[PDB]
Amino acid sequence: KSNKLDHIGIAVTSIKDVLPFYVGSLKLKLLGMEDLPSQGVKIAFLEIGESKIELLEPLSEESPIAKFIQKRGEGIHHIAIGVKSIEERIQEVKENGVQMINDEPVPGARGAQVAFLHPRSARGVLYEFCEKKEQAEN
């Protein structure tokens, strides 16, 4: 409980080339964008209800996203679950037998602390735990 659907990450070769579909056809609001050269990605955030769609564009051929697109093609990359305490959640899923890609949280989009669960624990789905500092008002 308190689990939220934070976002869905979507691998694309070009944010610019899909914005006409997302903004023009689906009528989602583009919140903004960010560069994350440490993960080799540029990201665009689209609002969908209380969640977001995160469009992930590779910055170089060595980007994990470029590798994903090469092996699997463009499409849905991961589902992020917003959690209250990422350290405790990692410890709990590990105690229950889940294999992690990230045993310790790492920097993700929007200054969030993130950790990816191994798809082999989840029948081929890539889940991300996402802990964000609570910010609203003014």
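Note that residue numbering begins at 1 and tracks the sequence as displayed.
*Asks:* Please work out which of 76-84 and 60-68 has the higher mean CA B-factor as recorded in the PDB entry.
*Replies:* Averaged over C-alpha atoms, the B-factors run higher in 60-68.
*Asks:* Pull the Cα B-factor of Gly49 out of the PDB entry and bin it into the chain's lowest, middle or highest third.
*Replies:* For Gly49, the deposited C-alpha B-factor lands in the middle third.
*Asks:* Among all modelled residues of this chain, ranked by Cα B factor, put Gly32 in the bottom, middle or top third, i.e. lowest, middle or highest.
*Replies:* Ranked within chain, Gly32 CA B lands in the lowest tercile.
*Asks:* Quick one: classify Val93 as lowest, middle or highest third of the chain based on its Cα B-factor.
*Replies:* It belongs to the middle third of the chain when residues are ordered by C-alpha B-factor.
*Asks:* Thinking about Cα B factors across the chain, which third does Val106 belong to?
*Replies:* CA B-factor rank for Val106: highest third.
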